[PDB]
Every structure is written in structure tokens, then in C-alpha cells.
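Numbers for residues simply follow the sequence, beginning at 1.
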Amino acid sequence: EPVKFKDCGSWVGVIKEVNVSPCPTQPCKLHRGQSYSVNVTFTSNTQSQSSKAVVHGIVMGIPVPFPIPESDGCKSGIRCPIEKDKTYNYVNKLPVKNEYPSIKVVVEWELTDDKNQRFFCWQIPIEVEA
Ligand SMILES: *[C@@H]1O[C@H](CO)[C@@H](O)[C@H](O)[C@H]1NC(C)=O
């Protein structure tokens, strides 16, 4: 489902939609042991040979790197080279491990280009539980 998000600095890209599934109500509640589909539709404002995704889980106010299956954007539904003014659907999974504590977390997800400029940067509040 499309979710409400806060843009944290998209600069060389424009976010059209952030879709997390399954997420029938918000803030999305994520169950420990389950993985969620993330589909970010954005339009590029530049070109780039590569793209890298970095995710952080802001817990108790502290941003901590968040493990994801693939950090190479070009292996995440984006056919690189990324070209200017083209629309892409970045797709990945947000794994909620069984060991993760049951608390509120703000997930920050960004995709950067060859110069580390952000195609997109967004944050969404989530609730982790059993
Ligand atoms: C991602 O979202 C776009 C736009 O809604 C859709 O066209 C595309 O099929 C989706 N990709 C997935 C979920 O595999």
C-alpha cells in the first residue's frame, strides 16, 4: 500500500510513491520474522552508472544501520545506467528479524548515485511487534 512519508533530502530524484506491503493501516506495523515488500517509484533528475541503497533504523532516537538483502540499486529493479528524466521502481525487501526488539522505529531509506547524491531519501514511522 502507498504510505505517508517524509522526504529527508531527495536531490537528484523525485519521489512519486513509497509502497510498503502488506501495510493496511499506518504507521505500518511489522511483525518480527516477516519481510515486507518495498516499492519506491521515483523520477531521476540525472544519470548514473551505479546506485547504492543505505537504510537506517532510528531506534530510541539513534539511527542504526538496517540490514537489507541487496544494497546495489542496479540489482533492485533499476535497469542501469540510470538516465535523466526516466521513472524507476526501486524494489527490495525490508526484513524484520525475529531478534529485533518490539518498539517504534523510524525507517530511513536512501538511494545514492556515482557522486553519493541522493536519488531519494525518505522516512516512515513503523511499529515492530511479535
Ligand atoms: C512497483 O510499483 C509500480 C507502480 O505502482 C508498479 O507498476 C510495479 O509493478 C511495482 N513493482 C512490483 C511491486 O514488482
Side-chain angles (χ1 to χ4, degrees):
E1 289 84 336
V3 303
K4 171 172 296 235
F5 65 87
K6 179 192 301 181
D7 188 291
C8 38
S10 303
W11 187 241
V12 295
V14 180
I15 300 173
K16 297 301 185 63
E17 180 182 303
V18 174
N19 193 302
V20 182
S21 304
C23 175
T25 64
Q26 302 166 56
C28 302
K29 297 198 304 75
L30 311 188
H31 294 284
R32 290 162 61 170
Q34 209 178 319
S35 289
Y36 296 74
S37 179
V38 177
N39 189 344
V40 186
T41 301
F42 70 99
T43 298
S44 174
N45 303 323
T46 189
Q47 56 174 48
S48 183
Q49 293 301 84
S50 68
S51 60
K52 173 180 290 189
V54 33
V55 185
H56 284 76
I58 306 178
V59 173
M60 280 154 64
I62 304 293
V64 176
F66 198 92
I68 52 175
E70 178 66 67
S71 67
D72 190 337
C74 302
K75 293 180 180 180
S76 302
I78 294 174
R79 207 281 290 188
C80 300
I82 290 178
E83 307 182 313
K84 185 177 176 63
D85 295 316
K86 274 190 171 58
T87 297
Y88 297 94
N89 298 131
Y90 168 88
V91 178
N92 211 327
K93 295 294 187 186
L94 186 56
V96 184
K97 300 178 182 298
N98 277 140
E99 67 188 300
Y100 292 177
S102 299
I103 59 179
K104 168 193 173 180
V105 178
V106 171
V107 174
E108 185 178 305
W109 207 305
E110 88 178 12
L111 184 68
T112 57
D113 70 1
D114 297 333
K115 293 160 63 179
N116 256 66
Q117 307 243 76
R118 303 158 189 163
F119 278 115
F120 69 70
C121 187
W122 50 264
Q123 300 181 350
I124 60 176
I126 64 165
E127 200 68 65
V128 172
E129 61 170 53

Sub-3.5 Å donor-acceptor pair from the side chain of [X] to the main-chain atoms of [Y], do we have one?
X: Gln117; Y: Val12; value: no
X: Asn89; Y: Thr41; value: no
X: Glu127; Y: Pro27; value: no
X: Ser44; Y: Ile82; value: no
X: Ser21; Y: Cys23; value: no
X: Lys84; Y: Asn45; value: yes
X: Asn19; Y: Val3; value: no
X: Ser51; Y: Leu111; value: no

Derivation of the side chain to side chain contact (heavy atoms under 4.5 Å, CB included) call for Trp11 and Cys121 | CA-CA 8 Å; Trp11 187 241; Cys121 187; over 6 Å; no

Looking only at side-chain N and O atoms, does [Y] offer a donor or acceptor that is under 3.5 Å from a partner on [X]?
X: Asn98; Y: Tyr100; result: no
X: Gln47; Y: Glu83; result: no
X: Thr43; Y: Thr87; result: yes

Looking at [X] and [Y], what are the two nearest heavy atoms and their distance?
X: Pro95; Y: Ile68; answer: CD-CA, 4.2 Å
X: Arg118; Y: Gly9; answer: CD-O, 3.7 Å
X: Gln49; Y: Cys80; answer: O-CB, 3.8 Å
X: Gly57; Y: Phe66; answer: N-CB, 3.9 Å

Report yes or no: do [X] and [Y] belong to one cluster of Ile/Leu/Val/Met/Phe/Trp/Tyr joined by side chain heavy-atom distances under 4.5 Å?
X: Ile103; Y: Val55; result: yes
X: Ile15; Y: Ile124; result: yes
X: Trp109; Y: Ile58; result: no
X: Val40; Y: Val14; result: no
X: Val128; Y: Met60; result: yes

Between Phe5 and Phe120, does the ring centroid distance fall short of 6.0 Å?
->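 Judged by ring-centre distance (under 6.0 Å), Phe5 and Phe120 do not meet the cut-off.
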
Tell me, do [X] and [Y] make a side-chain contact under 4.5 Å, heavy atoms counted?
X: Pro24; Y: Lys29; result: no
X: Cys8; Y: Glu108; result: yes
X: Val54; Y: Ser71; result: no

So how far is it from [X] [atom1] to [Y] [atom2], rounded to the nearest 0.5 Å?
X: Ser50; Y: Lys115; atom1: OG; atom2: NZ; result: 12.5 Å
X: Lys52; Y: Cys74; atom1: NZ; atom2: SG; result: 11.5 Å
X: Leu30; Y: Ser102; atom1: CG; atom2: OG; result: 11.0 Å
X: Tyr90; Y: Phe42; atom1: OH; atom2: CZ; result: 9.5 Å
X: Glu1; Y: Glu17; atom1: CD; atom2: CD; result: 10.5 Å

Check the pair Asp113, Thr46 against side chain to side chain contact (heavy atoms under 4.5 Å, CB included), reporting the backbone distance first and the verdict last.
-> CA-CA 9 Å; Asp113 70 1; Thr46 189; 4.0 Å; yes

Using 4.0 Å as the upper bound for N to carboxylate O, is an ion pair formed by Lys75 and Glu70?
->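 Salt bridge absent between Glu70 and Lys75.
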
Flag the pair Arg32 and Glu129 as a salt bridge only when some basic side-chain nitrogen lies within less than 4.0 angstrom of an acidic carboxylate oxygen.
-> no

Which is it for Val38 and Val91 under the side chain to side chain contact (heavy atoms under 4.5 Å, CB included) test, yes or no, and what are the steps along the way?
-> CA-CA 6 Å; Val38 177; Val91 178; over 6 Å; no

